[PDB]
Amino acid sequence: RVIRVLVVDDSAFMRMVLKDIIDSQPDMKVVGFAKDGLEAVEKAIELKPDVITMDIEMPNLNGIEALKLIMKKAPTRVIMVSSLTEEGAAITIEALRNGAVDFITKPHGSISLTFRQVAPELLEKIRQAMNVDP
(Lines of atoms letter the chains of each structure in order from A and count residues from 1; the text may use other names and numbers.)
(Lines give C-alpha, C1' and ligand atoms only; values in the text may rest on other atoms or scores of the structure.)
Protein backbone atom coordinates (compact mmCIF):
# COMPACT_ATOMS: atom_id res chain seq x y z
CA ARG A 1 0.00 0.00 0.00
CA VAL A 2 3.06 2.26 0.07
CA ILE A 3 3.39 4.08 -3.27
CA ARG A 4 7.01 3.93 -4.47
CA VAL A 5 8.14 7.21 -6.07
CA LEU A 6 11.23 8.13 -8.10
CA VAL A 7 11.99 11.86 -7.94
CA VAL A 8 13.76 13.36 -10.98
CA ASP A 9 15.01 16.96 -10.95
CA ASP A 10 18.36 18.55 -11.82
CA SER A 11 18.07 20.78 -8.75
CA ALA A 12 19.17 19.18 -5.46
CA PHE A 13 17.12 21.74 -3.58
CA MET A 14 13.94 20.75 -5.43
CA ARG A 15 14.67 17.04 -4.97
CA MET A 16 14.82 17.73 -1.23
CA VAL A 17 11.62 19.80 -1.26
CA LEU A 18 9.80 17.03 -3.14
CA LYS A 19 11.28 14.42 -0.78
CA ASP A 20 9.86 16.22 2.25
CA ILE A 21 6.43 16.46 0.60
CA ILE A 22 6.26 12.80 -0.45
CA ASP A 23 8.02 11.04 2.47
CA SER A 24 5.84 12.87 5.00
CA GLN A 25 2.82 10.94 3.67
CA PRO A 26 1.83 7.66 5.37
CA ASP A 27 1.21 6.01 1.99
CA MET A 28 4.28 7.08 0.00
CA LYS A 29 8.03 6.48 -0.10
CA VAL A 30 10.72 8.05 -2.25
CA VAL A 31 12.67 5.00 -3.38
CA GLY A 32 15.28 6.88 -5.40
CA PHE A 33 16.49 10.14 -6.90
CA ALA A 34 17.80 11.15 -10.32
CA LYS A 35 19.45 14.45 -11.19
CA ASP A 36 19.27 14.13 -14.99
CA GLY A 37 17.47 12.22 -17.75
CA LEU A 38 20.10 9.48 -18.06
CA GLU A 39 19.82 8.64 -14.36
CA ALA A 40 16.04 8.88 -14.66
CA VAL A 41 15.95 6.07 -17.23
CA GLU A 42 18.47 3.92 -15.34
CA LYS A 43 16.67 4.35 -12.01
CA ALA A 44 13.32 3.67 -13.69
CA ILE A 45 14.59 0.27 -14.89
CA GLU A 46 16.42 -0.57 -11.67
CA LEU A 47 13.82 0.54 -9.08
CA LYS A 48 10.63 -0.05 -11.08
CA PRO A 49 8.88 2.81 -9.20
CA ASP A 50 5.08 3.09 -9.17
CA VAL A 51 5.21 6.83 -9.93
CA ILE A 52 7.93 9.14 -11.27
CA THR A 53 7.97 12.91 -10.82
CA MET A 54 9.72 14.21 -13.92
CA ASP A 55 11.51 17.55 -14.38
CA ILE A 56 12.08 18.64 -18.00
CA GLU A 57 15.14 20.86 -18.43
CA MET A 58 18.07 18.78 -17.19
CA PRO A 59 21.63 18.27 -18.45
CA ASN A 60 22.63 15.38 -20.72
CA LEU A 61 19.04 14.27 -21.43
CA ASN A 62 15.85 16.22 -20.81
CA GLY A 63 12.68 14.99 -19.12
CA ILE A 64 10.70 14.58 -22.34
CA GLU A 65 13.41 12.32 -23.78
CA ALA A 66 13.73 10.35 -20.54
CA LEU A 67 9.94 9.86 -20.53
CA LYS A 68 9.97 8.30 -24.03
CA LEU A 69 12.74 5.84 -23.15
CA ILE A 70 11.06 4.87 -19.85
CA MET A 71 7.69 4.23 -21.51
CA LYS A 72 9.47 1.91 -23.96
CA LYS A 73 11.90 0.10 -21.62
CA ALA A 74 10.10 0.19 -18.24
CA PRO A 75 6.65 1.85 -18.59
CA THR A 76 5.14 3.41 -15.47
CA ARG A 77 3.15 6.42 -14.24
CA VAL A 78 4.93 9.72 -14.85
CA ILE A 79 3.87 13.14 -13.59
CA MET A 80 5.73 16.04 -15.17
CA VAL A 81 6.79 18.63 -12.60
CA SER A 82 8.33 21.65 -14.34
CA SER A 83 8.06 25.41 -14.72
CA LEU A 84 7.40 24.78 -18.43
CA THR A 85 4.42 22.45 -18.07
CA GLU A 86 1.63 25.03 -17.89
CA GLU A 87 -2.05 24.45 -18.73
CA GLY A 88 -2.54 24.36 -22.50
CA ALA A 89 1.19 24.65 -23.22
CA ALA A 90 2.71 22.81 -26.19
CA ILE A 91 5.31 21.03 -24.05
CA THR A 92 2.58 19.85 -21.67
CA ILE A 93 0.67 18.43 -24.65
CA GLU A 94 3.88 16.77 -25.86
CA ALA A 95 4.49 15.10 -22.49
CA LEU A 96 0.92 13.82 -22.35
CA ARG A 97 1.00 12.42 -25.90
CA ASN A 98 4.18 10.54 -25.01
CA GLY A 99 2.68 8.61 -22.09
CA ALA A 100 2.75 11.01 -19.13
CA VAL A 101 -0.35 10.74 -16.92
CA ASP A 102 -0.44 14.33 -15.63
CA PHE A 103 1.59 17.44 -14.75
CA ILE A 104 2.30 20.03 -12.08
CA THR A 105 3.24 23.62 -12.85
CA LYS A 106 6.10 24.78 -10.66
CA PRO A 107 5.14 28.23 -9.41
CA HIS A 108 7.91 30.87 -9.51
CA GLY A 109 10.56 29.13 -11.62
CA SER A 110 12.47 25.84 -11.59
CA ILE A 111 13.64 26.33 -8.00
CA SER A 112 11.63 27.87 -5.15
CA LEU A 113 10.10 27.35 -1.69
CA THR A 114 6.78 28.55 -3.09
CA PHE A 115 6.56 25.07 -4.63
CA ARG A 116 4.79 23.98 -1.44
CA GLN A 117 1.75 25.82 -2.86
CA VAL A 118 1.13 22.94 -5.27
CA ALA A 119 2.12 20.28 -2.70
CA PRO A 120 -1.47 19.13 -2.02
CA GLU A 121 -2.09 18.97 -5.79
CA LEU A 122 1.03 16.88 -6.41
CA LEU A 123 0.09 14.39 -3.69
CA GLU A 124 -3.39 14.16 -5.21
CA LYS A 125 -1.90 13.46 -8.67
CA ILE A 126 0.38 10.74 -7.31
CA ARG A 127 -2.53 8.95 -5.61
CA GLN A 128 -4.85 9.39 -8.60
CA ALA A 129 -2.21 8.06 -11.03
CA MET A 130 -2.35 4.65 -9.34
CA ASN A 131 -5.92 4.50 -10.68
CA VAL A 132 -4.80 4.33 -14.33
CA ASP A 133 -2.65 2.04 -16.47
CA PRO A 134 -0.20 3.66 -18.92
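In case it trips you up, residue 1 is the first one in the sequence shown, and so on.
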{"property": "Of 34-42 and 102-110, the one with larger mean CA B-factor", "result": "102-110"}
{"property": "Stretch with the higher entry mean CA B-factor, where the candidates are 10-18 and 111-119", "result": "111-119"}
{"property": "Top Cα B factor in the deposited entry, candidates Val78, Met28, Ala89, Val81", "result": "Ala89"}
{"property": "Among modelled residues of the same chain, the CA temperature factor third for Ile64", "result": "middle"}
{"property": "Record-listed C-alpha B factor of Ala129: chain third", "result": "middle"}
{"property": "Third assignment of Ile93 from its chain's C-alpha B-factors", "result": "highest"}
{"property": "Chain thirds of CA B-factor: placement of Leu47", "result": "middle"}
{"property": "Entry-reported Cα temperature factor of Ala74, expressed as the chain third it lands in", "result": "highest"}
